[PDB]
Structures are given as C-alpha cells and as structure tokens.
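Novice: Have a look at the structure that comes next, please.
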Amino acid sequence: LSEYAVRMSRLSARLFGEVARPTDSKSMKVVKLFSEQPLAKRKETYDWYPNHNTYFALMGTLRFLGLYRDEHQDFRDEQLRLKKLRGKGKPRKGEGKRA
Amino acid sequence: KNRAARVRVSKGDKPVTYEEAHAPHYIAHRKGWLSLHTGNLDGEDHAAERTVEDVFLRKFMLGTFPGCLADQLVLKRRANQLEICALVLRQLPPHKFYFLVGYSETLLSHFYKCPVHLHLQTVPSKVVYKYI
Amino acid sequence: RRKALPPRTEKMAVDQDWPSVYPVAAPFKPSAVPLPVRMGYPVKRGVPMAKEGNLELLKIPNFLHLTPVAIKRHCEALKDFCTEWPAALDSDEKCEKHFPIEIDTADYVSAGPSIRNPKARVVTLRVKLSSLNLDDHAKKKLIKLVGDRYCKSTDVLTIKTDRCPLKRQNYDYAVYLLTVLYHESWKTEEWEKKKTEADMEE
Amino acid sequence: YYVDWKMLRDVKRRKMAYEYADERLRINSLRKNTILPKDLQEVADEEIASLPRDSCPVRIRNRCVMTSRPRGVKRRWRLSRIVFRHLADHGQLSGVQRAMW
Amino acid sequence: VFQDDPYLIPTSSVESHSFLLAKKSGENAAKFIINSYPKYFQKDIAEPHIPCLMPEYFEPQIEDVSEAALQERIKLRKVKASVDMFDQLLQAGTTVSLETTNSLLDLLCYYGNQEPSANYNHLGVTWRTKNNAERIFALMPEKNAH
Amino acid sequence: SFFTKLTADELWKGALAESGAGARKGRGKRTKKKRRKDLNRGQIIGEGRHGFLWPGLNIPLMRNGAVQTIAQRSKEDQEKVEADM
Amino acid sequence: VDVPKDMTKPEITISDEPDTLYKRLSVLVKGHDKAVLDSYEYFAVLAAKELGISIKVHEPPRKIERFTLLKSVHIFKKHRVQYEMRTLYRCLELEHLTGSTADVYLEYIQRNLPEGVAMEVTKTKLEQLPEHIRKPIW
Amino acid sequence: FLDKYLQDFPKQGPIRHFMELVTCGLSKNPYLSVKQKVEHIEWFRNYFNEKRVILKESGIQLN
RNA sequence: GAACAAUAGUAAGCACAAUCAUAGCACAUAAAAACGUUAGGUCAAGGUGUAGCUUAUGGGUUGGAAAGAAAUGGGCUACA
RNA sequence: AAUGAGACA
Ligand SMILES: [K+]
Ligand SMILES: [Mg+2]
Ligand SMILES: [Mg+2]
Ligand SMILES: [Mg+2]
Ligand SMILES: [Mg+2]
Ligand SMILES: [Mg+2]
Ligand SMILES: [Mg+2]
Ligand SMILES: [Mg+2]
Ligand SMILES: [Mg+2]
Ligand SMILES: [Mg+2]
Ligand SMILES: [Mg+2]
Ligand SMILES: [Mg+2]
Ligand SMILES: [Mg+2]
Ligand SMILES: [Mg+2]
Ligand SMILES: [Mg+2]
Ligand SMILES: [Mg+2]
Ligand SMILES: [Mg+2]
Ligand SMILES: [Mg+2]
Ligand SMILES: [Mg+2]
Ligand SMILES: [Mg+2]
Ligand SMILES: [Mg+2]
C-alpha cells in the first residue's frame, strides 16, 4: 500500500461511480439503503395476498345473478333453513342473555 | 396407509377414470401434469401468481358448468394467452354451451387482463378406465 | 334430443394438405385428427385407451401445426424478410479485424401477463485491447485503472453495467465507460512520477 | 372476507408499511451513519419511533394465501405445507413430482 | 368461429344464426357485468398495459355543474343528461361555446332527441315539428354554415 | 374466503359420517337414518335471486324473429317464481 | 380447384440504415420433459437449415431441485414426503446472423414455443469503435 | 450524475460527506425513476432547513 | 374346498410380483405395500354435522406470560 | 414369570 495505489484506487472509483473518499464499514450501509429496494416496497411483500375481498364479492354477485352456482354456499343455506325449522336460530341484537 | 388423492377399492361396481385410477406417485411416470406453465422452472419468477390463478379456474369452471363437467381441466399458458381445455357431458343444449363459452372468454379476459382460449370436447358419458 | 354428428375424419381426403387443417397451435381434437393414436398404461390384459375422450392426448403439447411439410412452406415464405451476411466476414479472425467491439444483451420470454424481467437490463461489452491505440505507458495505466475487469491471458476487457433501468441506457453508459477510460489513460498527470519500485509490473 | 381475522390484520399491516416505507428509509439513513453528529441522531431516533407501530417491516408475517397457516409455508409458492401437497398430489402443479433417487 | 366439437358444430343455416348470436349475447352479458361493478376489475397485472381490457364508465365521472363536465356527457352518448345540464348552464348565466352547442345539436338531431341502442337500462316521418333540435337552433345567437 | 369453500361431494361425504369407525362393530346405535339431499335436483341455469332474464339460458334467444336482450323481472313476478320452487 | 388468387400482401420497406450484425446468437430452452425439447430442437434445426444459418446444437447438463415436507398434519416427524422439480436444458447456437434475419427467426421460434418451456437469447452484437475512440482525440 | 442537485449544501462539512453517500447510492439504484430520486434530495434539503438550531450546537457551523 | 404317477374347484379385480426413478446393464437403495386392527393422532391447516355464545365464549389498542427445589429423555463438546 | 378388561354388537 503506497500513495500511488491510493490515487489509482480513488481515480478508478471516481470514473465507475463508487465512493471516492474513505468510508467506514458502518457508514457504507447508507449507500446500501438507497442502492437496493426497501423490503416494504418489493412486489413480493405488498402484493403477497390475493385480494380475497374482490374474489369473494365477485362470486357472491354472480351467484345471485344465476351465472355461477356454488355448491358450498347452497349447503350452508340448506342447513341454515333446517335450524330455523327446528326452532334454533340466531337471535337479534340485544336478545342473548339480557332476558 | 397413504391416502393422498386415491380412490379406495370397493368391490367392482364403482367406475374410475384414468386420472383418478393412478396414485400420486405415478405423476411424471404414467400421467402428466394437468397444468403447464413457466413459473415452476429453475430460474423463473412469478410462480405464486400462476398458482392462485390456476386454483380459481378449477373453482370457476366447475361452477360455471354444473354437473356437465366430466373431469379436471387442462390449463396451458403460451406467451400471454391462456388456453383452457375441458371435457363436457352432453347435458345442456348447444345454445347454452355457446352462451357459457362466450361468457367465460370475455369475463376471464377482462379479469386477468390476458386473452383466454376455451376449447371444449364433448363426450356422451364419463370415460371409464377400470372396474365397471 | 340432439345427436352426435360423425367426425370429420371420415370426410378427410387421403391427399389433402394437413397444415390447412391446423394453421396455428391448437389442442388435440380427436375428431380433427385422422390418426388413430392410443396412449395410457394398458389394463392387465387389454390395450391402451382410444383417442376419443382421452386426457393423456390432451395434456401433451402437440406438434401437428409444425409438420415438416408445413415447416418448409412456412420458412420459404419468410425468406423475403432477410438479408445476407457479408461474404468477406467468413473467418472469425476477420470479424475481429473489422469489428473489435462485441456487445452481449439478453431478452427473456416467459408465460404470463407480464414481460418485465429485471435480469434483462444487463449489458456486457467486451473489447480486445490489441485493436486500440494505447501506448506503452497508456496501456499500463489502463490495466492498473480498470482492475480485475482485464484478463492478462486473453487480453480482453469486459465491462458490465447494471445500474441503468433499461438496456439502451446501460448500452450508452457502457460505451461511455470505454471512451472515458481511454481518454484518461493518456493524461500523464504530475503525481504519476511518484512511482514506487515495488509497484512496477516488470 | 379473508379466511381469518389474522389474515385481515396482516393486510392492514402490509398496507401501512407501504405508505411509510420511503419516509422510514430516509430517517433510518441518518441513524445508520456515524459521520453525522450524535445530537442529530438522537433526534432522529425520537422521530422514527413516533411513527405508527404497524408501519414496521419486521412485524410483517408470511402466511399461506389459502388457509393462513402462520408457519410451514414455502416462500416460493406462498402456500402452506398441507395445501401444497393437496395441489401437487393431484398433478395440478407443473413440474412437481414425487422425488425418487 | 364455432367449436370443432361435433356436438357443437352447426348442422344447418338455421343453427348458424342461433349459435353465433348466442355467443354474441355472451360477450354482451359479460360486458354488462364488467360495467355494472367496475371495482371488481380495477386490478391490473398486465405488462405492457392493455387499455382494451379495462372496464369502461358511462356515468358522468364529474357530478359538478360545469362546462367541462358537460362535454363528458356529450361524448358518452348521453342525451337526457346533456339536455338537462345544458339548461342548468344557461340558467346559471355562463356562456356556452358555439361549437359545443353545435355538437350538442348533432347528438340530439341524429337520434331525434332520444337515447341510442343499449344493452339494457319504419313507415311514417320520424321527424317531429315539436322537437328540441328546432328549438335550440332558433335560440342560437350565431349560426354558421355547419 | 372464496378459496375456503369445497365441493358438494366432499361436504356430504363428511356430514353423513357413514365411513368412520362408529359403524364397524355396532358402536353406532343412532338407529336414525341420516338422509342425503342432492341440492342440484332443482336447477335453472341462469335463474337468480335478483331475477335476471339472460337471453339464451332461461328465456328464448329469438322472439317473433327478434333476438331478445338482457332484462330483469318484476317484483311480483319474481315472488311467484320463488313461491313455485 | 377454386382457390383465392394472390392472397399475399406483405411489405418490406428497405430503408437506408445499415443493418445490425450479430457475431453469435445463443438460444437456451429450458423445460420439464425431454420429449418436447427433443421435438422442438428438430423444428428449430429444420427451419434454421432452410434459412441457411449453420447452427450447432448441444445439451447442457441438467440440474434437479429437491425439497422435503412433513407427511401428516400433526406430529409424526419421522415420516417425510419429498418432491422434485426437474429442469432439462437444450442450447442452440447461431453464428453469423444478420439483424434482419435475427428478427424473423426469433419471432418465428418464439410464437411456436410450447407451453411447458421457456428460453433465453444471448445476442453478441458486434460494431466498430466509438466516434471518440476512432477519431483521434489525444 | 446527481451533482447539480447538491449546489446548495455546505461544501466542507460532514453534510457533503453524508450527501455524496446518498447520491452514490441513488446512482446504483435501478428501481427508482429520476423524478423520485430528486424527491429524496429535496427532502434532505427540507430536513436540514427545518433543523438549524441543532446543527449550531453540534460543534461545527454549517450553512 | 388341497393331493401332479392329482382325490372339487374355476376365470377375472386389488396387493405382492413385474415395470418405473437414481441418465448403460446388473446389484443395491429408494418408491410401493390391499382389505382390516388400535372408537390410535389431528374440531387449533381448512371445511363441516350436532350443541353453545350474540352490547359477548365476538373485534381492536397498550403492557405483560416471570421462575427452576428437583426428576428424566434426545443431543453437541469433552475427559487427552 | 404372581396379578389386570369397566358402558363394543
Ligand atoms: K364446529
Ligand atoms: Mg375458520
Ligand atoms: Mg443500534
Ligand atoms: Mg418475523
Ligand atoms: Mg378420521
Ligand atoms: Mg401374481
Ligand atoms: Mg434402473
Ligand atoms: Mg431391485
Ligand atoms: Mg420406504
Ligand atoms: Mg413393487
Ligand atoms: Mg380416541
Ligand atoms: Mg397408543
Ligand atoms: Mg386426543
Ligand atoms: Mg373452525
Ligand atoms: Mg381444543
Ligand atoms: Mg357448523
Ligand atoms: Mg376479546
Ligand atoms: Mg439425570
Ligand atoms: Mg430425536
Ligand atoms: Mg477439539
Ligand atoms: Mg391382589
């Protein structure tokens, strides 16, 4: 390591665009923070979950429009009807145990 | 005893199609994959988005054609276009089949923002490979 | 009720041209294929299943639209959209003599609704240093300046750029590095005379 | 409706993180550098901790998109281990086969 | 246009009109759902973007009373909304460009101050003496060749 | 929660519970025959609660030589149709 | 006997811009099944020979990805079910290909790509020295 | 090259040392557009302008 | 419900077998292993029968689940 | 190498 090598190391860094002046090991992280995409903005993170609200709502409307027939939802409705017939249904608001 | 995607033996009176008659360890040995796409290659990304889209079509096609669907769909993805191959029983009148074909092609294309191809092959009944 | 018409295989001619039936890639239609093809593992004492109502013949990517008869017809029509490679550039050695810069770029195709691959922005520029006008002093400085990008055995200089989002920006940036590294190897700055006897390459 | 209340909480958490992702990055740059004065770094710590709790990348939890199993989830397919076998054993995933060697 | 499956192959010229129009009604049926609930199709994963697959809008995106919002109703094949809004603009006292007035007349004249043919909501002179086209034309302060 | 739903055959195969260990050695003495009801016995592809008349599925495509369009159903008419089911 | 007479209407405007010369073009197709890639190579070679490209075909070594998952849904960690994803490779090199011939060959190749495979193209474009380097500037 | 955006900064204090690290990092960033990069530079101008009294007691006077 | 110098058994289905994978074969290892047994394990992967809650056994925010007297299992590092 | 089973047909 000589003064000649220091100039060459800095001169090469200037042309290729790296940091010219000496930088600490911990101080290089700020370069890494902006060089890479932050974790919270990657497409794998914020788009991880498919939008179940649109998936559920769309098939809900198509079910009522007769274009999509869902067996599973029909099963719940058929059993729910039988519970009402047997006399065991869901009470309204303010009817659980206050009476 | 393994139970993954198997149909149990019950005398000799239950028909079984070719897909259901083979255990899952026979995949890539006797039967191929029902879906083919780039997502599950070695150095390719975008594999989770394809999987969720694949599952939705398994639930949409099964519900759009109630009872008249023969067996599982076959999904092929070439370029940005999506091809769906189905086996449908002779249940609905041909007027309703073309209505549902036209309805499915437009709705899926405007939902996934990609062109969709829907090819149908009609069979008189479910194809039986063993038993019966 | 509605009946099933006989398949068009019966009405298919013996000498009809196949590619007219399948112009584009289409799934295996049992009625549209005259070939009696059977696939699937046979029963203990039996034969593999027929071509009608069989899923195994539907999963396979068919090559009926790329028959060798159709390939010659397809390719010959495309011969209009072509231009010949210059005959003088026959030997690879002459290519280096007349063109000393080669640039590597990559394009990726995948099945999906999006084409954006972040690995397609890379540009690799390789230059043979023996074809340049470097002096004895200028060439030595360039090697000491570029670092490990220069191979001492093959005398090739490889510059790889990834920071620019697009391949065209990287290509313009890659050529910018090549020209600024050459105009700088000829500037014998004052401090260059402070050479140490341990830093000499020879 | 998401499959569970836990899944709904994660969506809110991811959404909040995205809004404050850039603002956190700018402030966090001051803290992680030792060349700035120590007085300024102490003020930055107060501001970065004053941001809403849900806007933290570490609080993001990777679940299954189908059954919302908090663990046993492959990162590539974003699916639980049980659901992955259910899809793969039926041949519904391309290129996935039982390993034999 | 028709499927290659024998059960779906048309067998007569009568079937061709019935089969093809059934498929055409399917596209209209789906597009009605797309336009009815725009919020279920706003998600975009198409790269490059495809503007021919995004849902469209027919209701006026601007509910305010202004000249700029008035032009939106004119271009969206809306007649009743345009005529009601134009009257409010005139009562508001704000000036209206002649070309916009001419453009409003062209929409009303072509359909006879009526709505066009939509998916869902010969003999004799169709033109009527008591029509809005003549009424607005007389009210025009300046009348050009067009 | 659309992905959370299952097939009709899967639901009935579990609700009936006619394959467990209870009905093996007389352990199950319920003596009441649980009955399976095919929920697709009454189906009109196109019919819905909102009552949309889709040309091609329920109503005929062509009416007096004129192809019908999408239309809804009156409230009184829809009530009677549901009362029929 | 009845055929549409002269149903061809493409135009190829020959401009004045010099064409781009590619030293060598590399195509690497990756897929799950060898049989598809074996047939695809034959299609690519047959089309390449007719255009006069003098291509060479070689098979890079394959790589296998393996991972292990639990078997049951509760306890029983001594029993595992494994899986495997196999990616088979095939490379088609193109040498001395002009830019105009490159565009048609690639797009014809890409449109006929099977659904179960994908490919990567590495084009080694060649060109002369930059103006600053060529023109003497100290 | 983002030097033209650093004209209004103290040329000799630690601000230049810190800012040139930010600009060097932004140069290597492929995922961010040019207009977004200027927003980061502008925010630092905003942040150092709002907090002026703290820099006076830091020990070095910075413009 | 079998006697091969044969005395009531017969041909198919599932399993074993054969085949396939581990880039030659072979061997070896993987993989496979039916019908049943233990009301074996899992309502907390998810779904669901029946029973229960509904201004509460539901939802959200903040903070906190410490600690090892002692006993034991499977491991890493050693006692050169 | 003395002992064990309850509300399973
Ligand atoms: K329950
Ligand atoms: Mg739940
Ligand atoms: Mg710290
Ligand atoms: Mg975590
Ligand atoms: Mg059980
Ligand atoms: Mg045997
Ligand atoms: Mg072997
Ligand atoms: Mg062996
Ligand atoms: Mg084993
Ligand atoms: Mg075996
Ligand atoms: Mg128990
Ligand atoms: Mg036990
Ligand atoms: Mg237990
Ligand atoms: Mg539950
Ligand atoms: Mg519990
Ligand atoms: Mg329940
Ligand atoms: Mg609570
Ligand atoms: Mg002890
Ligand atoms: Mg252990
Ligand atoms: Mg040691
Ligand atoms: Mg005793």
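Ideal geometry is used to build each Cβ from the backbone, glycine not excepted, and the neighbour counts take in all protein chains shown. Only the coordinates and a few stated rules stand behind these numbers; no lab work does.
Novice: How many percent of the alpha carbon pairs in the range D:1-91 exceed a separation of 23 Å? It would help to have the intermediate numbers written out before the result.
Specialist: Values: 1829 of 4095 pairs.
Of the Cα pairs, 45 percent sit more than 23 Å apart.
Novice: Set the bar at 30 Å for Cα to Cα. Now go through A:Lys32/D:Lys74; A:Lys84/F:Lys29; B:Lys113/G:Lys5 and name every pair that lies beyond it.
Specialist: B:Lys113/G:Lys5
Novice: With bins 5 Å wide starting at 0, give me the P(r) of the range F:41-85 over every alpha carbon pair, in whole percents.
Specialist: It works out to 5, 21, 28, 23, 15, 7, 1, in whole percents.
Novice: Ranked from highest to lowest mean number of other Cβ atoms within 10 Å per residue, what is the order of the peptides B:7-18, G:50-61? Write out the running numbers ahead of the final one.
Specialist: Values: B:7-18: 11.8, G:50-61: 13.3.
The peptides rank, most packed first, as G:50-61, B:7-18.
Novice: May I pose another question? Distances over 24 Å make up what percent of all Cα-Cα pairs in chain C?
Specialist: Working: 14020 of 20301 pairs.
Pairs farther apart than 24 Å: 69 percent.
Novice: Let me ask something else. Restricting things to alpha carbons, tell me how big chain F is in terms of Rg and Dmax, in Å.
Specialist: Computed over the Cα atoms of chain F, radius of gyration and Dmax are 21.1, 67 Å.
Novice: Report the residue, chosen from C:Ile60, C:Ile159, C:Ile143, that carries the largest GNM mean-square fluctuation when chain C is represented by alpha-carbon nodes joined by springs under 10 Å.
Specialist: Comparing C:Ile60, C:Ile159, C:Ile143 in the GNM, the peak value goes to C:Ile60.
Novice: How long are the semi-axes of the equivalent ellipsoid of the protein assembly as shown, defined as square roots of 5 times the Cα gyration tensor eigenvalues? Whole Å, largest first. Walk me through the numbers before you get to the answer.
Specialist: Working: eigenvalues 622, 333, 281 Å².
Working through the eigenvalues yields semi-axes of 56, 41, 37 Å.
Novice: Using alpha-carbon positions, what is the distance between the centroids of the range C:155-202 and the range E:86-146, in Å?
Specialist: One Cα centre to the other: 72 Å.
Novice: At most 11 other Cβ atoms within 10 Å plus a DSSP loop assignment makes a site exposed; report the longest stretch of chain A without any exposed trypsin sites (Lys or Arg not before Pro).
Specialist: Working: sites that count: A:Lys26, A:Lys88, A:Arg92, A:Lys93, A:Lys97, A:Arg98.
So the longest stretch without any such site is A:27-87.
Novice: Now, a different point. How large is ³J(HN,Hα), in whole Hz, for each residue of the range H:47-55 in order, when computed from phi with the Karplus curve 6.51 cos²θ - 1.76 cosθ + 1.60 and θ = phi - 60°, using x for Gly and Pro?
Specialist: Computed from phi, the couplings for the range H:47-55 are 5, 6, 6, 5, 9, 9, 5, 5, 6 Hz.
Novice: Here's another thing I want to ask about it. Just how large is the dipole of the range F:12-85 about the Cα centre, in debye to the nearest 20, putting +1 at every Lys and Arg Cβ and -1 at every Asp and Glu Cβ? It would help to have the intermediate numbers written out before the result.
Specialist: Values: 18 positive and 8 negative charges, 257 e Å.
That gives a dipole near 1240 debye.
Novice: Which residues does a label at F:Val67 reach in the range E:9-47, if reach means a backbone N under 13 Å from a point 7 Å past the Cα toward the Cβ?
Specialist: E:15-29
Novice: Ok, one more. Enter the per residue convex hull volume of chain H, computed from alpha-carbon coordinates, in Å³ rounded to the nearest integer.
Specialist: Working: hull volume 5.0 nm³, N = 63.
So the per-residue hull volume is 80 Å³.
Novice: Still on this structure: As a quick test, which of the pairs H:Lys28/H:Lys56; B:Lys59/E:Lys39; C:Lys160/G:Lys63; C:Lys144/G:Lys30 have an alpha carbon distance above 29 angstrom in this structure?
Specialist: Numbers: H:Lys28/H:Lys56 33 Å; B:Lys59/E:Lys39 21 Å; C:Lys160/G:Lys63 27 Å; C:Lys144/G:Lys30 41 Å.
Check vs 29 Å cut-off fails for H:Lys28/H:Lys56; C:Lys144/G:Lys30.
Novice: Each residue of the range F:47-52 in turn: what ³J(HN,Hα) in whole Hz from Karplus with 6.51, -1.76, 1.60 and θ = phi - 60°, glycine and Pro shown as x?
Specialist: With the stated coefficients, the range F:47-52 comes to 5, x, 5, 5, x, 9 Hz.
Novice: Let me ask something else. G:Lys63's amide H: which non-local residues (gap 5+, or another chain) put their own amide H closer than 5 Å, with H modeled 1.01 Å from N in plane and none for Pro or chain starts?
Specialist: HN-HN under 5 Å from G:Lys63: G:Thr87.
Novice: Please give the helix D:21-31 orientation as an angle from the longest Cα principal axis of chain D, in degrees from 0 to 90, rounded to the nearest 10.
Specialist: 50 degrees
Novice: In terms of modelled amide H atoms, which long-range or inter-chain residues lie less than 5 Å from the amide H of G:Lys23?
Specialist: G:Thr124, G:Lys125, G:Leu126
Novice: Can you compute the charge dipole magnitude of the range G:59-138 about its Cα centre, using +1 on each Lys and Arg Cβ and -1 on each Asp and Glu Cβ, nothing else charged? Give it in debye, rounded to the nearest 20.
Specialist: On the way: 14 positive and 11 negative charges, 169 e Å.
Result for the range G:59-138 is approximately 820 debye, rounded to the nearest 20.
Novice: Positive end of the dipole of chain C, charges at C-beta (+1 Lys, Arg; -1 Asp, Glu), about the Cα centre: which of C:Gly147, C:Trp191, C:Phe28 has its Cα farthest in that direction?
Specialist: C:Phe28
Novice: Based on Cβ point charges of +1 for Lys and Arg and -1 for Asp and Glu, what charge dipole magnitude is obtained for chain C about its Cα centre, in debye rounded to the nearest 20? Show your work: numbers first, answer last.
Specialist: Details: 35 positive and 29 negative charges, 391 e Å.
It comes to approximately 1880 debye.
Novice: Taking every residue in B:64-71, how many Cβ atoms of other protein chains lie within 10 Å of its Cβ, on average? Intermediate results must be reported in sequence, preceding the final value.
Specialist: Numbers: counts 5, 2, 8, 4, 1, 0, 2, 2.
Other-chain Cβ atoms within 10 Å of each residue's Cβ, averaged: 3.
Novice: Cα atoms only, chain E: Rg and Dmax in Å?
Specialist: Over chain E's Cα set, Rg and Dmax evaluate to 21.5, 67 Å.
Novice: At q = 0.12, 0.13, 0.15 Å⁻¹, what log₁₀ I(q)/I(0) does a Debye calculation on the Cα points of chain A give, no solvent, two decimals?
Specialist: -0.74, -0.81, -0.92
Novice: Something else: Which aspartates and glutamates does F:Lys32 reach when only Cα atoms under 16 Å apart count, and residues fewer than 8 places away in its own chain are ignored?
Specialist: The qualifying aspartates and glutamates are F:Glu18.
Novice: Quick one: if you take sqrt(5λ) for each eigenvalue of the C-alpha gyration tensor of chain G, what semi-axes come out, biggest first, whole angstrom?
Specialist: Values: eigenvalues 364, 142, 39 Å².
Its equivalent ellipsoid spans semi-axes of 43, 27, 14 Å.
Novice: If amide H atoms are built 1.01 Å from N in the plane of the peptide, which residues on other chains or at least 5 residues away come under 5 Å of the amide H of C:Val156?
Specialist: C:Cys151
Novice: Give me the compactness ratio for the range B:92-132, meaning the Cα radius of gyration over 2.2 N^0.38 Å. Write down the numbers at each step before the final one.
Specialist: Numbers: Rg = 14.6 Å, N = 41, 2.2 N^0.38 = 9.0 Å.
Compactness ratio reported: 1.62.
Novice: A further question follows. So what J values fall out for the range B:113-122 if you push phi through Karplus, 6.51 cos²θ - 1.76 cosθ + 1.60 with θ = phi - 60°, rounded to Hz, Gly and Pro as x?
Specialist: For the range B:113-122, the Karplus-derived couplings read 6, 8, x, 10, 10, 10, 10, 10, 10, 9 Hz, x marking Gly and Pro.
Novice: Can you quote the Å³ per residue value for the convex hull of the Cα atoms in the range E:1-69, rounded to an integer?
Specialist: Details: hull volume 11.8 nm³, N = 69.
Enclosed volume per residue, from the Cα hull, is 171 Å³.
Novice: Order these by the 10 Å Cβ neighbour count, fewest first: A:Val31, G:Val81.
Specialist: Final ranking by Cβ density, sparse to dense: G:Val81, A:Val31.
Novice: Projected onto the charge dipole of the range D:1-91 (+1 at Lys/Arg Cβ, -1 at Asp/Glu Cβ, origin at the Cα centre), which of D:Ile60, D:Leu30, D:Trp77 gives the Cα projection farthest towards the positive end?
Specialist: The residue sitting most towards the positive pole is D:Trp77.
Novice: Quick check on the exposure proxy: order C:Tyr173, H:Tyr31 from fewest to most C-beta atoms within 10 angstrom.
Specialist: Details: C:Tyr173 17, H:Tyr31 13.
Arranged by neighbour count, lowest to highest, C:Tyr173, H:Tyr31 become H:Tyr31, C:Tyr173.
Novice: Sticking with this structure for a sec: How large, in Å, is the range G:29-84 by the Kirkwood hydrodynamic radius built from its alpha-carbon pairs?
Specialist: 15.1 Å
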